[PDB]
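As a plain string of letters, each chain reads:
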Amino acid sequence: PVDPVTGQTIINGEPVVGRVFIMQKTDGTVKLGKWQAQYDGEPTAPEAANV
Amino acid sequence: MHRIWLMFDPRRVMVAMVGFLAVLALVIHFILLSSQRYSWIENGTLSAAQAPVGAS
Amino acid sequence: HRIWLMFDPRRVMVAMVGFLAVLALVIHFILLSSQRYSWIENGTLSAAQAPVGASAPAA
Amino acid sequence: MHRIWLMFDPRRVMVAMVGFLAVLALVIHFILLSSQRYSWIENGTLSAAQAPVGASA
Amino acid sequence: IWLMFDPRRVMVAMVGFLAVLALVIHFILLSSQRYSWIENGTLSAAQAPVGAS
Amino acid sequence: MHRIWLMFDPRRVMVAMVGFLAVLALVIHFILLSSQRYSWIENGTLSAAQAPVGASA
Amino acid sequence: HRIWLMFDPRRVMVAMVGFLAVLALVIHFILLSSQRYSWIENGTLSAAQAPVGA
Amino acid sequence: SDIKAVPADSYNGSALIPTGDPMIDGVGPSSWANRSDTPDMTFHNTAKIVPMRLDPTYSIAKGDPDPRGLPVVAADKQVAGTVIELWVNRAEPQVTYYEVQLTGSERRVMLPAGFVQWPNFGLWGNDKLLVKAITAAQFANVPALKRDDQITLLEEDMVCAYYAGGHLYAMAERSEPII
Amino acid sequence: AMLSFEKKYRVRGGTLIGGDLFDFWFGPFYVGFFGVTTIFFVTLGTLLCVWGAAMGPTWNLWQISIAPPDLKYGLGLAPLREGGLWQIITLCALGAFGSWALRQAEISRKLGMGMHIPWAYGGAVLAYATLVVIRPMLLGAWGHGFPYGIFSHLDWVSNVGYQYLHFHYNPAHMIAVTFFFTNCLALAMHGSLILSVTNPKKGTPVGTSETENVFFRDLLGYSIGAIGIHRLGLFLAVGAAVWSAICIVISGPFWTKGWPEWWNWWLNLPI
Amino acid sequence: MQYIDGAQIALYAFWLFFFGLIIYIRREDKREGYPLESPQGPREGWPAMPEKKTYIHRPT
Amino acid sequence: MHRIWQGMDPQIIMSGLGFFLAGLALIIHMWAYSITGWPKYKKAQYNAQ
Amino acid sequence: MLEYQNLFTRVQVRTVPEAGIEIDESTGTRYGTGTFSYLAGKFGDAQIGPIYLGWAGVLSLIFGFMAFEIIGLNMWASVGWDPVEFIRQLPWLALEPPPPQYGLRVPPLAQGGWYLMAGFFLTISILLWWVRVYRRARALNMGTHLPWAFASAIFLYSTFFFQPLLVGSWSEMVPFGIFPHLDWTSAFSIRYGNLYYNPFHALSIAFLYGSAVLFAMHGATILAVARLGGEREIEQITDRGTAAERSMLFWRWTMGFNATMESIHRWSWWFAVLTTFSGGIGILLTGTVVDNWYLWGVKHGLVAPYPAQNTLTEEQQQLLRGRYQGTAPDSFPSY
Amino acid sequence: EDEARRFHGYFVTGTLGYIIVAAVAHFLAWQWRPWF
Amino acid sequence: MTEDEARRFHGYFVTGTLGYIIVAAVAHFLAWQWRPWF
Amino acid sequence: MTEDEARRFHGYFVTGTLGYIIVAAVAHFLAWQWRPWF
Ligand SMILES: CCCCCCCCCCCCCC(=O)OC[C@H](COP(=O)(O)OCC(O)COP(=O)(O)OC[C@@H](COC(=O)CCCCCCCCCCCCC)OC(=O)CCCCCCCCCCCCC)OC(=O)CCCCCCCCCCCCC
Ligand SMILES: CCCCCCCCCCCCCC(=O)OC[C@H](COP(=O)(O)OCC(O)COP(=O)(O)OC[C@@H](COC(=O)CCCCCCCCCCCCC)OC(=O)CCCCCCCCCCCCC)OC(=O)CCCCCCCCCCCCC
Ligand code: BCL
Ligand code: BCL
Ligand SMILES: CC[C@H]1c2cc3[nH]c4c(c3C)C(=O)[C@H](C(=O)OC)c4c3nc(cc4[nH]c(cc(n2)[C@@H]1C)c(C(C)=O)c4C)[C@@H](C)[C@@H]3CCC(=O)OC/C=C(\C)CCC[C@H](C)CCC[C@H](C)CCCC(C)C
Ligand SMILES: CC(C)=CCC/C(C)=C/CC/C(C)=C/CC/C(C)=C/CC/C(C)=C/CC/C(C)=C/CC/C(C)=C/CC/C(C)=C/CC1=C(C)C(=O)c2ccccc2C1=O
Ligand SMILES: COC(C)(C)C/C=C/C(C)=C/C=C/C(C=O)=C/C=C/C(C)=C/C=C/C=C(C)/C=C/C=C(\C)CC/C=C(C)/C=C/C=C(\C)C(=O)O
Ligand SMILES: COC(C)(C)C/C=C/C(C)=C/C=C/C(C=O)=C/C=C/C(C)=C/C=C/C=C(C)/C=C/C=C(\C)CC/C=C(C)/C=C/C=C(\C)C(=O)O
Ligand SMILES: COC(C)(C)C/C=C/C(C)=C/C=C/C(C=O)=C/C=C/C(C)=C/C=C/C=C(C)/C=C/C=C(\C)CC/C=C(C)/C=C\C=C(/C)C(=O)O
Ligand SMILES: COC(C)(C)C/C=C/C(C)=C/C=C/C(C)=C/C=C/C(C)=C/C=C\C=C(C)\C=C\C=C(C)\C=C\C=C(C)\C=C\CC(C)(C)OC
Ligand SMILES: CCCCCCCCCCCCO[C@@H]1O[C@H](CO)[C@@H](O[C@H]2O[C@H](CO)[C@@H](O)[C@H](O)[C@H]2O)[C@H](O)[C@H]1O
Ligand SMILES: [Fe+3]
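Residues numbered from 1 in each chain as written, not as in the entry; some residues may be left out. Chains lettered and ligands numbered in written order. Part of a larger assembly, values for the part shown. Heavy atoms only, no water.

As stated in the entry header, the method of structure determination is cryo-EM and the reported resolution is 2.3 Å.

So, in structure tokens, the structure goes:
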């Protein structure tokens, strides 16, 4: 939330002096988890072969 | 208690101690820098109530 | 004061200069990589507009 | 205990055991840090009721 | 008894084997679901994971 | 069958057999651990009636 | 000063010349590719028009 | 007792400074290992390294220059002697040594073949033997052999060490840094 | 500590830069001017690598990756957080490798040995410089280098290989692979030969130098010399690196199509 | 079990064998030039010095 | 029947006996804790109120 | 001008060719007397000496030549028996494994039968050559180190038979061809999900690079002390001279630790042998224990994260699903 | 030898102590989470 | 190394080992108060 | 390396470390004025 008077960011009810930015690691990278989670957002499994 | 210096000579003990202490200090400082709660170069000026906490 | 009898003053001087050079360069480079203290780009900002990092999950 | 130092070099034993304990302590501290329940740098301020627990059956 | 085997070599080999075996067992247990004690050690025996029937 | 020890070095034979036997024990334990029916770390608490059985054909 | 009795002037000044040249090159190159101090491209801009990182 | 070299300072790890002449004293790159004082043998219990005059079966392959009767130019561009005999390795056939007669003659010295370079890398006219390690005056200090038909391993090591040490102890600019 | 024979060899002289100041031994290591420079560059580069790991999302040893900058910063020093750190680490590595070679040259000049070892290490240094300096310069961007990560540089190798459809068809890659395989074969043969002669059938005496030649002549019909095998090993090992540098420097700067198509010249010979 | 698989087991078996091999080769590396010369006395790193080895020579 | 001790260091016997008794007492104390339900019921009394 | 680098020999010395150490000749004999090559003598030894031939060598030659003939004749038939096309297209020609639908049953002669015959004969000749190497070693009272290094090479070679047998099809075998066996290498890596993430493949790469490193180091070291008699390593092992001492001290001062003149060859032997041993293990594990090495690497924390290059919608995830590849069409449809 | 009889007593005592400290550990683990 | 110096070293070594184990026991007690693992 | 000759280098070394640390403290004070980090 931003203070509507001073235009200051508020963190847990306390104002912050400065331009608050959300911290992130290099280029917004996130450690991988389980291998089964590699298919979250990927297409579903391919269909059986035409023989 | 001083006889340890007769089993280990002071020169090698001081060199090993200095090196180990330096490596440990750098390792701890870097671990703290890589965290969210203690990335003091970035947050630093936040109070203890504003600092990040890991999820419950 | 008698430490210079166990250690060569010249070698100690070289080692200390090298260690201080490495530490100073590492700290200056770490600060340059940062957002709040990238003084080449944002050095003219006042302390009230300088970047401050905050937590993503809590945002 | 009777003849362990005439049979083993005390200097060698001290160096080997110091190295072993240092490596073991680093390994345990890093295993704890890599976990979720005991990632004390991030969640050390949590109480024992709020600390993460692994999934149950 | 201890005349054809050089107790020194026996002791070093035994210590090394015991350390390696203990580390292997502890890590195998740590990688399992039922005995991942760092995360789930506070669960009771009834709440601990069990492999599928 | 006794005079094999004058014909084979006892020490080398014992070392070779202890090594072989340890390797065999590890191999069997790990094969059992990798199976479905005898993955005793995970499913050792199941009774013999609930343990997995291979497909009946 | 007595430092030149401990350290040979010929070697010391060559080492310092090398270090100084390397440091100057590194600083000039760091400045050259920044947004604010890319003087080969934006050197004619005034101080008010020069880029400032957010 | 035989290490003619004093420490530079009392700090451990310091370099040694030779007192006398390192080449004959045997310190630094001029040092040799105390090997057996018996000759090196072949599979048939014969001397492995022998002069060509002792074995007529050996010869020089056609196409290779004959080094005998050639001048041996030393490190100081001064001819130190002339090649008069070749010692060969019988187990593995190769040139191992050059027997050099001095300018004033009356003696002979052994020159390892590994310290010998040919002009233009042996491509153009080969009319002189180049030895860059040792200057002409030091050829007279090369350790002598006990016999002229065989060379023991100890003498082998001594000659090789003496020649190798002159890459650092021949002139004064060699043991000194380039800057 | 020192070997039983070590003391007589630890003398003064043979350095290229410096004098009695940098002419000492730290433990078993020899320290010169280039030893000091090597320590400086190694420390700075390793600390910057640890900082790059700290900036990244994980401390896992396999997953740490310090990546080069984007291609849009071509030949310029990018911002530290956007690939400039990779460039500084590259400068540190170049300095450290050069210092290592020169320190090795100082050590060989002190024992009376030849200058072969620094020049042999120079082949690997040249391969690395081709990867991160020569090829990126010819292509016009420092972002053509490979990232510093145990498994991320494997991903870079894979993608760069498939940039030319089928990288196996690179002729220089084929020659370099042949050099590597022949080197491994020759190393196995040489180690086996020496060990089998010095450790013969139990009960028999130690073999001689004629046994080696006779064995390899009986087996293959030709036996290279004792000096010949070391010359061949040096040539094979160094040529593998040189041909690797050639194979990577022709891909992109000189050839931009798929490598299989390059064999058109062979199919279009007039005969 | 699930996280443990054959490739991991084989990899750790190889790691154990490789460390044993490195220990053996380092034992062989100290057959000449040891024990070290130090002011504190004879020195042996790990692994310790091996037993003396002698060769076989043909009779004359 | 006292001759079994001949040839053995008494301190070794006492150390082995102490190890035996310590381990056995610990195991049986845990066994009895599980069997009797103590101190679980008293601890529940003092934690409930 | 430059110091003698010991790279080439300028003066060769000739003598009577060396007949060889007296060995048993009841099953085989030496052929030739020993000729000399001047060009070969520039770089190393000059004698193209006699070669021993016995039972195992002759049998190995016969079986290997039969395999070579089968491969070459199938290659020649694949271009219609054109010698011009045979020479021009030689790197692209192959003797191809059977079709996948036969599994481990014998295939038709023109569709993989020749391949299996050639593979069997090549395998038999390689094993007979191993026997010959062992016997040549033991005839001179040498140790059997070379036989057991060749055994590691043979182990890697035999995984190219055992892995297709374990997955259950002879179609997965390596075709006999210069370019096609590289095609198989690439397709094998692709099929099983990026063989870069095979830990034993990474291990074998480490040992191959280390073999190159070790041979460069050892060759440079021996060439650098050859002026002191360092190339005669047997005598430097049994009677340590100044060349071995300097070789040890160089590396001790350089990297802090060193080997001996004998144990550096142990280092070399083990690095070279491990290159093929760990690789064979890695191949045997593929398709039988692990079918996707990238996914195994993700499971065991080997894969570095990258930002997503694309995001797919709910309908796209259903649409972009494909189908596993099946059989080729045996009809030419008319529409 | 006397040595192989004085060393043996300490070795046996240490082996017994280790084995049955391990027995205590296994009993504790069984009470906490049995595996059969 | 003789018996007297071995005894004198053994005393200090045993005291150091036991003291270190006691300090680690206190550390485990503190960690258990903060966040028990069973 | 006499006592008289070690004392001199010790004096200069201590004064140099003094001055370096103080100058660095002044640098940190200036940097705190420009952009504080706590
Ligand atoms: C992977 C396997 C591992 C494996 C690790 C385990 C095994 C290691 C094996 C190593 C080889 C065998 C052992 C050996 O001989 O070691 C040498 C030395 C004994 O040496 P010596 O025999 O007495 O010979 C020394 C002799 O040359 C005399 O030297 P002197 O004492 O005069 O000084 C030489 C050096 C040091 O100068 C000093 O003043 C020393 C004391 C102060 C040190 C720090 C000074 C800097 C400021 C503070 C920094 C620190 C502030 C906190 O002087 C030199 O000039 C040499 C050094 C290079 C100087 C140029 C570079 C300058 C820039 C350096 C920047 C980076 C370093 C700071 O032995 C010892 O010190 C015994 C203890 C072992 C030491 C290493 C311990 C490493 C622990 C690592 C833990 C973590 C592992 C992951
Ligand atoms: C095609 C398919 C195949 C594909 C892959 C193929 C891979 C092949 C790997 C071969 C490994 C050895 C290579 C080698 O050097 O070979 C030369 C040697 C022939 O020598 P020779 O002709 O007899 O010459 C005599 C003499 O000159 C030998 O001296 P050298 O220096 O060459 O060899 C030194 C010997 C010294 O031996 C000893 O000191 C005795 C004790 C050796 C170790 C015994 C236990 C090993 C572990 C057992 C469980 C092993 C479980 C895995 O040393 C050696 O040859 C090897 C030295 C050790 C190498 C590293 C070991 C590291 C172990 C680490 C373990 C983990 C620690 C945590 O060949 C041999 O077979 C030697 C051994 C002969 C006696 C039989 C040994 C096996 C008996 C039990 C099985 C009997 C048949 C069913
Ligand atoms: C439900 C069970 C009952 C009960 C039923 C019984 C019965 C029945 C008997 C005992 C017995 C004993 N009980 Mg009980 N006991 C109960 C609860 C307790 C509690 C407690 C605070 O809860 C304590 C301290 C004790 C104490 C004792 C001992 C005095 C005695 C066993 C002695 C022996 O041989 O030790 C072994 C001897 C030694 C020298 C070894 C001691 C080893 C210690 C315990 C090991 C752990 C500490 C370790 C060494 C520390 C250092 C390492 C790390 C740094 C931490 N009881 C409850 C109420 N108890 C037995 C006895 O003889 O009673 C007279 C017996 O038969
Ligand atoms: C796109 C391609 C894939 C890939 C796919 C594979 C596959 C598939 C394999 C390898 C294998 C290996 N790869 Mg690759 N590899 C890739 C990338 C690389 C890179 C790199 C810089 O990118 C490198 C350095 C390597 C390096 C390596 C080696 C360490 C290893 C083989 C050792 C070897 O062959 O010894 C040479 C030794 C042999 C071939 C042994 C057999 C020799 C026999 C005995 C000789 C008989 C000769 C016979 C008698 C001659 C006459 C025949 C006539 C017809 C009669 N790979 C990528 C990821 N790699 C192998 C391995 O082990 O993987 C785990 C393997 O099978
Ligand atoms: C440590 C592992 C390394 C290694 C080791 C190794 N290889 C070895 C050895 C060792 C230790 C041996 O002892 C053995 C050997 O003898 O080496 C000289 C061998 C060997 N390694 C070989 C090759 C080889 N090694 C390879 C790899 C490696 N080998 C690894 C890198 C490779 C690769 C990279 O793929 C190859 C190709 C052989 C030279 C040899 C085994 C020889 C063998 O088995 O031969 C059987 C005989 C035949 C197949 C007969 C064939 C006949 C001709 C080829 C065809 C007919 C020609 C015709 C007569 C003329 C021409 C045609 C006309 C129309 C013109
Ligand atoms: C004529 C003809 C046909 C030519 C064709 C050839 C062609 C076309 C070639 C291409 C030409 C081009 C454009 C290529 C560019 C090549 C370049 C850039 C040349 C570089 C020249 C060169 C010799 C390389 C490096 C130079 C060297 C060796 C520098 C050392 C200088 C020196 C002696 C000083 C010591 C200080 C150093 C080295 C700094 C590092 C260093 C620092 C920075 C400390 O602070 C420090 C503090 C305490 C302890 C140690 C250190 C320490 O090691
Ligand atoms: C995730 O879970 C995983 C991790 C996977 C599961 C874990 C598994 C495993 C296998 C754990 C292993 C544990 C273990 C095994 O037992 C651990 C073993 C620990 C041990 C033994 C510790 C002992 C330490 C002893 C010390 C510190 C002694 C110090 C002595 C001092 C200070 C005094 C010396 C000074 C002197 C003498 C000076 C006098 C000199 C004199 C007089 C002179 O010199 O004259
Ligand atoms: C991102 O955060 C991360 C980075 C991770 C956090 C980092 C954390 C860490 C680990 C920090 C470490 C800090 C540290 C300690 O470890 C820092 C240590 C600093 C120190 C000790 C500095 C000392 C400096 C000393 C100097 C300058 C002395 C000079 C002396 C001079 C000039 C005198 C010479 C005069 C002469 C010779 C003439 C007389 C000659 C005479 C008479 C003669 O000739 O005889
Ligand atoms: C997943 O499940 C998988 C894992 C796959 C299934 C597992 C399968 C396998 C294969 C299990 C193997 C089990 C096994 C066997 O193989 C287990 C074997 C265990 C054994 C034997 C343990 C013995 C330990 C002994 C110890 C600690 C002794 C210490 C002695 C001390 C302290 C005294 C020393 C001091 C002295 C003497 C003083 C005088 C010295 C003097 C005088 C001197 O020296 O001079
Ligand atoms: C003049 O022209 C003629 C034809 C007369 C002669 C010319 C010949 C020419 C030009 C030949 C050219 C040959 C070339 C170019 C060959 C290239 C070979 C290459 C590059 C091969 C590479 C890899 C091949 C591998 C790794 C093959 C491995 C095969 C194996 C392991 C097969 C094993 C098979 C077995 C054990 C079969 C057993 C039979 C069973 C038991 C299955 O029987 C049912
Ligand atoms: C089938 C085709 C033929 C295949 C065989 C080809 C044999 C010849 C190629 C291998 C040898 C190439 O020879 C190569 O020469 C170059 C000079 O150009 C040497 O020099 C090269 O590396 C050194 C090492 O630091 C650099 O300093 C130098 O700038 C660079 O040119 C190499 O060290 C040597 O390896
Ligand atoms: Fe060699």
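Draft legend 1. Expanded view of the side chain of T144 of chain L. Residues and elements named next belong to chain L. Along the chain, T144 turns up in the loop between helix 4 (113-139) and helix 5 (145-167). Residue classification places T144 among the buried positions, given a relative accessible area of 11%. Within the structure, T144 has its side chain in polar contact with the side chain of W148 (distance 3.5 Å). Not counting the four nearest positions on each side in its chain, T144 is found in contact with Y134 and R138. (Helix = DSSP H or I, 4+ residues; strand = E, 2+ residues; numbered from the N terminus. Buried < 20%, exposed > 50% of the residue type's maximum accessible area, 1.4 Å probe, protein only. Polar contact = N/O pair within 3.5 Å; in protein donor to acceptor, adjacent residues only side chain to side chain. Contact = heavy atoms within 4.5 Å.)

Draft legend 2. Structural context of the UniProt feature "transmembrane region" (unreviewed entry) in chain E. Here the UniProt feature "transmembrane region" (unreviewed entry) sits at residues 9-29 of chain E. With 100% helix and 0% strand, residues 9-29 of chain E has its two end C-alpha atoms placed 30 Å apart. (UniProt positions renumbered as here; feature names shortened; annotations may be inferred.)

Draft legend 3. Main features of the coordination of the magnesium atom of ligand 3. If you check the protein contacts of the magnesium atom of ligand 3, you find one donor only, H29 of chain K (NE2), at 1.9 Å. Take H29 of chain K: it is sitting in helix 1 (residues 10-36). (Donors = N, O, S within 2.8 Å, 3.2 Å for Na, K, Ca; no water.)

Draft legend 4. Region of the structure containing the arrangement of the chains. The assembly contains 38 pairs of chains in contact; the pair sharing the most contacts is chains I and L. One finds no contact linking chain A with chain H; the least C-alpha distance across the pair is 45 Å. A gap remains between chain D and chain K, which never touch, and the nearest two C-alpha atoms on either side lie 11 Å apart.

Draft legend 5. Just a nonpolar patch on the surface, in detail. Residues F20, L21, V23, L24, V27 and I28 of chain D, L23 and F27 of chain E together with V14, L18, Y20 and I21 of chain N make up a contiguous nonpolar surface patch of roughly 1,100 Å² in combined accessible area. Counting only elements with at least two residues in the nonpolar patch, the list comes to helix 1 (10-34) of chain D, helix 1 (7-31) of chain E together with helix 1 (3-34) of chain N. A total of six residues in the nonpolar patch trace back to one element, the largest contributor, which is helix 1 of chain D. Using a relative accessible area of 35% as the deciding quantity, one classes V27 of chain D as partly exposed. (Patch = residues over 30% accessible without salt bridge, like charges linked within 9 Å, V, L, I, M, F, W, Y side chains within 5 Å. Areas by Shrake-Rupley, 256 points an atom, 1.4 Å probe, with all protein chains shown as cover. Salt bridge = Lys/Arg side-chain N within 4 Å of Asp/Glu carboxyl O.)

Draft legend 6. Geometry of the site of ligand 9. In the region of ligand 9, 18 residues are neighbours, and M1, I4 and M7 of chain D together with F7 and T15 of chain M sit closest. Residues close to ligand 9 are split across chains D, E, F and M. Relative to its free-state accessible area of 1,100 Å², ligand 9 is covered by the protein chains to the extent of 73%. Elements with a minimum of two residues in the shell around ligand 9: helix 1 of chain E, helix 1 (10-34) of chain F together with helix 1 (3-32) of chain M. Residues that form the shell around ligand 9 fall into these classes: 14 nonpolar, three polar and one charged. (Near = heavy atom within 4 Å. Nonpolar A, V, L, I, M, F, W, Y, C, P; charged D, E, K, R; others polar.)

Draft legend 7. Highlighting the site of ligand 2. Inspection of the region around ligand 2 gives 18 residues, with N199 of chain I together with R138, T144, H145 and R266 of chain L positioned closest. Each of chains I, J and L places residues next to ligand 2. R138 of chain L places a side-chain nitrogen or oxygen 2.8 Å from an oxygen atom of ligand 2. For ligand 2, whose unbound accessible area comes to 1,800 Å², protein coverage reaches 44%. When residues of the shell around ligand 2 are traced back to their parent elements, those giving at least two are helix 1 (6-29) of chain J together with helix 5 and helix 10 (263-284) of chain L.

Draft legend 8. The nonpolar core, seen in detail. If you look at the biggest cluster of nonpolar residues, it comprises 93 residues, and the most contacted ones within it are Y98, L111, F139 and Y163 of chain H together with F215 of chain I. Formed by 51 residues, the second largest nonpolar core is a distinct cluster that contains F188, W267, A272 and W293 of chain L. (Core = buried A, V, L, I, M, F, W, Y, C linked by side-chain atoms within 4.5 Å.)

Draft legend 9. Structural context of the interface of chain L and chain I. Of the residues lining the interface, 97 residues belong to chain L; the matching set on chain I comes to 92 residues. Carbon and sulfur atoms make up 69% of the surface buried where chain L meets chain I, a total of about 8,700 Å² over both sides. Here chain L and chain I share three salt bridges between them. For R30 of chain L, the salt bridge goes to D218 of chain I, with nearest N and O atoms at 2.5 Å. Linking chain L with chain I are 38 residue pairs in polar contact, by the criterion used here. (Buried area = accessible area lost by both parts, 1.4 Å probe.)

Draft legend 10. Seen up close, unusual backbone geometry. Residue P47 of chain J is bonded to the preceding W46 of chain J through a cis peptide linkage, with omega at 0 degrees. Within the secondary structure layout, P47 of chain J lies in the segment after helix 1. Along the chain, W38 of chain K connects to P39 of chain K via a cis peptide bond; the corresponding omega equals 0 degrees. By the secondary structure assignment, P39 of chain K is in the loop between helix 1 and helix 2 (40-48). The residue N120 of chain H is not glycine, and still its phi comes out positive at about 55 degrees. Positionally, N120 of chain H belongs in the loop between strand 8 (108-112) and strand 9 (129-130). A relative accessible area of 32% means that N120 of chain H is categorised as partly exposed.

Draft legend 11. Region of the structure containing the pairing of strand 7 (residues 94-102) of chain H. Residues and elements named next belong to chain H. In terms of residue burial, strand 7 counts as a mostly covered element, since seven of its nine residues are buried. Bridge analysis of strand 6 (residues 79-89) against strand 7 gives eight bridges, and the strand direction is antiparallel. In the strand pairing of strand 7, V83 is matched with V100. Counted along the chain from strand 6 to the antiparallel partner strand 7, the turn is four residues long. Of the strand pairs in this sheet, strand 7 and strand 8 are connected by five bridges, and their pairing is antiparallel. Note that in strand 8 the partner of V100 across the bridge is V109. Hairpin connection between strand 7 and strand 8: a loop of five residues separates the two successive antiparallel strands, and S105 in this loop has a positive phi of roughly 60 degrees. (Pairing = 2+ DSSP bridges.)

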